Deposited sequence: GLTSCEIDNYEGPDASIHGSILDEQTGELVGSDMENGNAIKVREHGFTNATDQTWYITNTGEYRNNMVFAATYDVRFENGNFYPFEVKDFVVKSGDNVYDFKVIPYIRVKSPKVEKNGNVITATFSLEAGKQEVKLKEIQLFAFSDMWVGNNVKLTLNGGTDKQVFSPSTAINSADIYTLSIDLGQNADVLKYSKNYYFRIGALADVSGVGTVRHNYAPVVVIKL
(Lines of atoms letter the chains of each structure in order from A and count residues from 1; the text may use other names and numbers.)
(Lines give C-alpha, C1' and ligand atoms only; values in the text may rest on other atoms or scores of the structure.)
Protein backbone atom coordinates (compact mmCIF):
# COMPACT_ATOMS: atom_id res chain seq x y z
CA UNK A 1 0.00 0.00 0.00
CA UNK A 2 0.95 3.74 0.09
CA UNK A 3 4.01 4.59 2.24
CA UNK A 4 3.98 8.41 1.83
CA UNK A 5 1.97 11.65 2.13
CA UNK A 6 2.49 15.06 0.51
CA UNK A 7 1.07 18.55 1.10
CA UNK A 8 1.98 22.09 0.07
CA UNK A 9 0.80 25.24 -1.66
CA UNK A 10 0.44 26.90 -5.07
CA UNK A 11 2.21 30.22 -4.55
CA UNK A 12 2.68 33.35 -6.67
CA UNK A 13 6.44 33.49 -7.52
CA UNK A 14 6.31 37.35 -7.27
CA UNK A 15 4.06 38.09 -4.22
CA UNK A 16 4.38 34.76 -2.30
CA UNK A 17 0.56 34.74 -1.85
CA UNK A 18 -1.62 31.60 -2.29
CA UNK A 19 -2.92 31.19 -5.89
CA UNK A 20 -6.55 30.02 -5.69
CA UNK A 21 -8.53 28.05 -8.29
CA UNK A 22 -11.45 25.55 -8.42
CA UNK A 23 -10.71 22.00 -7.07
CA UNK A 24 -12.72 20.56 -9.97
CA UNK A 25 -12.23 22.10 -13.50
CA UNK A 26 -9.34 24.28 -12.30
CA UNK A 27 -5.66 23.77 -11.46
CA UNK A 28 -4.23 20.29 -11.00
CA UNK A 29 -0.94 18.51 -10.33
CA UNK A 30 -0.28 15.91 -13.09
CA UNK A 31 2.38 13.38 -12.08
CA UNK A 32 4.16 10.50 -13.84
CA UNK A 33 6.11 7.89 -11.83
CA UNK A 34 9.54 7.03 -13.35
CA UNK A 35 9.91 3.66 -15.12
CA UNK A 36 -0.76 5.32 -16.04
CA UNK A 37 -0.58 9.13 -15.19
CA UNK A 38 -2.32 10.15 -11.93
CA UNK A 39 -3.54 13.60 -10.72
CA UNK A 40 -3.19 15.34 -7.35
CA UNK A 41 -6.11 17.72 -6.71
CA UNK A 42 -5.77 21.13 -4.98
CA UNK A 43 -8.28 22.74 -2.59
CA UNK A 44 -9.70 26.12 -3.78
CA UNK A 45 -7.32 28.20 -1.54
CA UNK A 46 -4.28 26.74 -3.41
CA UNK A 47 -3.33 24.30 -0.61
CA UNK A 48 -3.06 20.62 -1.56
CA UNK A 49 -2.88 17.39 0.57
CA UNK A 50 -2.51 13.71 -0.40
CA UNK A 51 -2.16 10.93 2.21
CA UNK A 52 -2.11 8.13 -0.40
CA UNK A 53 1.14 8.52 -2.42
CA UNK A 54 3.95 6.05 -3.19
CA UNK A 55 7.57 6.83 -2.27
CA UNK A 56 9.15 7.20 -5.75
CA UNK A 57 10.67 9.71 -8.26
CA UNK A 58 8.20 11.59 -10.53
CA UNK A 59 7.83 14.04 -13.40
CA UNK A 60 5.34 16.80 -12.42
CA UNK A 61 3.36 18.70 -15.07
CA UNK A 62 1.10 21.81 -14.91
CA UNK A 63 -1.23 22.53 -17.84
CA UNK A 64 -4.64 24.13 -18.64
CA UNK A 65 -4.69 26.07 -15.36
CA UNK A 66 -4.76 29.72 -14.34
CA UNK A 67 -0.96 30.11 -14.31
CA UNK A 68 1.77 29.68 -16.95
CA UNK A 69 2.48 25.97 -17.60
CA UNK A 70 5.76 24.29 -16.65
CA UNK A 71 7.24 20.97 -15.62
CA UNK A 72 9.17 19.85 -12.53
CA UNK A 73 11.39 16.90 -13.61
CA UNK A 74 12.91 14.38 -11.05
CA UNK A 75 10.48 15.17 -8.22
CA UNK A 76 11.40 12.82 -5.31
CA UNK A 77 8.62 11.68 -2.96
CA UNK A 78 10.37 10.34 0.18
CA UNK A 79 8.93 7.64 2.50
CA UNK A 80 6.68 9.31 5.11
CA UNK A 81 5.58 12.98 5.04
CA UNK A 82 6.67 15.42 2.31
CA UNK A 83 6.14 19.16 1.86
CA UNK A 84 6.48 21.10 -1.48
CA UNK A 85 5.34 24.56 -2.55
CA UNK A 86 5.13 25.35 -6.28
CA UNK A 87 6.03 28.93 -7.45
CA UNK A 88 3.93 30.10 -10.44
CA UNK A 89 3.11 33.11 -12.66
CA UNK A 90 -0.71 33.63 -12.57
CA UNK A 91 -2.19 35.05 -15.79
CA UNK A 92 -3.95 37.73 -13.71
CA UNK A 93 -3.57 39.03 -10.11
CA UNK A 94 -6.69 40.54 -8.48
CA UNK A 95 -5.58 43.68 -6.62
CA UNK A 96 -7.12 45.51 -3.63
CA UNK A 97 -10.26 43.23 -3.70
CA UNK A 98 -13.21 44.51 -1.63
CA UNK A 99 -16.67 42.80 -1.40
CA UNK A 100 -19.33 44.45 0.73
CA UNK A 101 -23.05 44.72 1.39
CA UNK A 102 -24.59 48.22 1.29
CA UNK A 103 -28.34 48.25 1.75
CA UNK A 104 -29.67 45.38 -0.38
CA UNK A 105 -26.75 45.23 -2.88
CA UNK A 106 -23.48 43.25 -2.83
CA UNK A 107 -20.73 45.37 -4.51
CA UNK A 108 -17.23 44.18 -5.55
CA UNK A 109 -14.41 46.68 -6.31
CA UNK A 110 -10.93 45.72 -7.50
CA UNK A 111 -8.00 46.25 -9.86
CA UNK A 112 -6.12 43.76 -12.05
CA UNK A 113 -2.49 43.11 -12.84
CA UNK A 114 -1.25 41.01 -15.77
CA UNK A 115 1.17 38.10 -15.04
CA UNK A 116 2.95 38.95 -18.34
CA UNK A 117 2.53 41.99 -20.73
CA UNK A 118 0.95 39.74 -23.44
CA UNK A 119 -2.01 38.84 -21.12
CA UNK A 120 -5.44 40.33 -21.99
CA UNK A 121 -8.78 40.30 -20.10
CA UNK A 122 -11.70 38.16 -21.39
CA UNK A 123 -14.14 38.10 -18.39
CA UNK A 124 -14.78 39.44 -14.84
CA UNK A 125 -17.33 37.93 -12.45
CA UNK A 126 -18.54 38.08 -8.86
CA UNK A 127 -19.28 34.43 -8.04
CA UNK A 128 -21.70 33.56 -5.23
CA UNK A 129 -22.46 30.27 -3.36
CA UNK A 130 -23.88 28.93 -0.02
CA UNK A 131 -20.38 27.57 0.94
CA UNK A 132 -16.61 28.50 0.76
CA UNK A 133 -16.07 26.37 -2.43
CA UNK A 134 -17.60 29.24 -4.51
CA UNK A 135 -16.00 29.77 -7.97
CA UNK A 136 -16.64 29.39 -11.70
CA UNK A 137 -17.17 25.65 -10.99
CA UNK A 138 -19.49 26.12 -7.86
CA UNK A 139 -21.89 29.04 -8.41
CA UNK A 140 -25.49 30.26 -8.27
CA UNK A 141 -27.35 31.49 -11.38
CA UNK A 142 -28.16 35.19 -10.85
CA UNK A 143 -30.48 37.83 -12.36
CA UNK A 144 -29.51 41.33 -13.52
CA UNK A 145 -26.26 40.83 -15.47
CA UNK A 146 -24.18 43.26 -13.30
CA UNK A 147 -22.38 40.29 -11.55
CA UNK A 148 -20.47 39.50 -14.78
CA UNK A 149 -18.84 41.40 -17.70
CA UNK A 150 -17.50 39.92 -20.97
CA UNK A 151 -14.93 41.72 -23.11
CA UNK A 152 -15.18 40.88 -26.83
CA UNK A 153 -12.56 41.46 -28.21
CA UNK A 154 -10.51 40.76 -25.02
CA UNK A 155 -9.27 44.07 -23.50
CA UNK A 156 -5.88 45.40 -22.24
CA UNK A 157 -5.02 45.08 -18.52
CA UNK A 158 -4.11 48.42 -16.86
CA UNK A 159 -3.37 48.29 -13.05
CA UNK A 160 -4.84 51.79 -12.48
CA UNK A 161 -8.36 50.78 -13.75
CA UNK A 162 -11.08 50.20 -11.13
CA UNK A 163 -13.65 47.49 -11.88
CA UNK A 164 -17.09 47.26 -10.18
CA UNK A 165 -19.46 44.23 -10.11
CA UNK A 166 -22.87 44.10 -8.37
CA UNK A 167 -25.53 41.68 -7.12
CA UNK A 168 -28.99 43.10 -6.24
CA UNK A 169 -30.28 41.00 -3.33
CA UNK A 170 -33.97 41.80 -3.98
CA UNK A 171 -33.65 40.57 -7.60
CA UNK A 172 -31.91 37.38 -6.34
CA UNK A 173 -33.87 36.52 -3.14
CA UNK A 174 -34.67 33.00 -4.50
CA UNK A 175 -30.99 31.82 -4.26
CA UNK A 176 -29.47 34.49 -1.88
CA UNK A 177 -31.75 33.99 1.10
CA UNK A 178 -32.27 36.57 3.81
CA UNK A 179 -30.47 35.80 7.19
CA UNK A 180 -28.16 33.14 5.58
CA UNK A 181 -24.34 33.20 5.07
CA UNK A 182 -23.02 33.39 1.49
CA UNK A 183 -19.51 33.33 0.05
CA UNK A 184 -18.57 35.82 -2.71
CA UNK A 185 -15.50 35.54 -4.90
CA UNK A 186 -14.13 37.93 -7.52
CA UNK A 187 -12.88 36.03 -10.61
CA UNK A 188 -10.96 37.23 -13.70
CA UNK A 189 -10.56 35.15 -16.86
CA UNK A 190 -7.50 35.94 -19.03
CA UNK A 191 -6.96 35.48 -22.79
CA UNK A 192 -3.47 33.83 -23.41
CA UNK A 193 -1.88 31.73 -26.24
CA UNK A 194 0.08 28.43 -26.30
CA UNK A 195 -1.23 27.57 -22.84
CA UNK A 196 -4.27 25.55 -23.88
CA UNK A 197 -7.39 26.23 -21.85
CA UNK A 198 -7.17 29.31 -19.61
CA UNK A 199 -8.95 29.13 -16.21
CA UNK A 200 -10.08 31.95 -13.90
CA UNK A 201 -7.86 33.74 -11.45
CA UNK A 202 -9.43 34.73 -8.10
CA UNK A 203 -9.31 37.05 -5.13
CA UNK A 204 -9.83 35.37 -1.66
CA UNK A 205 -13.46 34.38 -0.71
CA UNK A 206 -15.51 36.99 1.31
CA UNK A 207 -18.31 35.57 3.59
CA UNK A 208 -21.33 37.88 4.13
CA UNK A 209 -24.39 37.24 6.33
CA UNK A 210 -27.49 38.45 4.49
Item to check | Gaps in the model (deposited sequence, numbered from 1) | outcome: 1 to 11, 47 to 50
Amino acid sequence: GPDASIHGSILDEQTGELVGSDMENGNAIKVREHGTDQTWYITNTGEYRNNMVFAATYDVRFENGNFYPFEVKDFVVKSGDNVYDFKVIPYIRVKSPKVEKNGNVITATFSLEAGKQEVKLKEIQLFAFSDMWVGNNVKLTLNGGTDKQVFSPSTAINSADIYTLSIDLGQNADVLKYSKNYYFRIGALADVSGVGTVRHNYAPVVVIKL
From here on, numbers count along this sequence of modelled residues.
Checklist entry - Averaging C-alpha B-factors over each stretch, which comes out higher, 107 to 115 or 127 to 135? => result 107 to 115
Checklist outcome for this item: Mean B factor on CA atoms, stretches 71 to 79 and 88 to 96, record says higher is 71 to 79
Next on the checklist: Maximum C-alpha temperature factor per the entry, among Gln149, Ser154, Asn172, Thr43, belongs to which one?
Outcome noted: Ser154
Next on the checklist: Given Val192, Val19, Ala188, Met23, identify the residue with the highest C-alpha B factor in the PDB entry.
Outcome noted: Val192
Checklist entry - Split the chain's modelled residues into thirds by Cα B-factor; is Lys30 in the lowest, middle or highest one? => result highest
Checklist entry - What third of its chain, lowest, middle or highest, does the C-alpha temperature factor of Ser166 fall into? => result lowest
Next on the checklist: Using the temperature factors of the C-alpha atoms in this entry, rank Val206 within its chain: lowest, middle or highest third.
Outcome noted: lowest
Item to check | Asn50 - Cα temperature factor, lowest/middle/highest third of chain | outcome: middle
Checklist entry - Compared with the other modelled residues in the chain, in which third is the CA B-factor of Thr36? => result highest
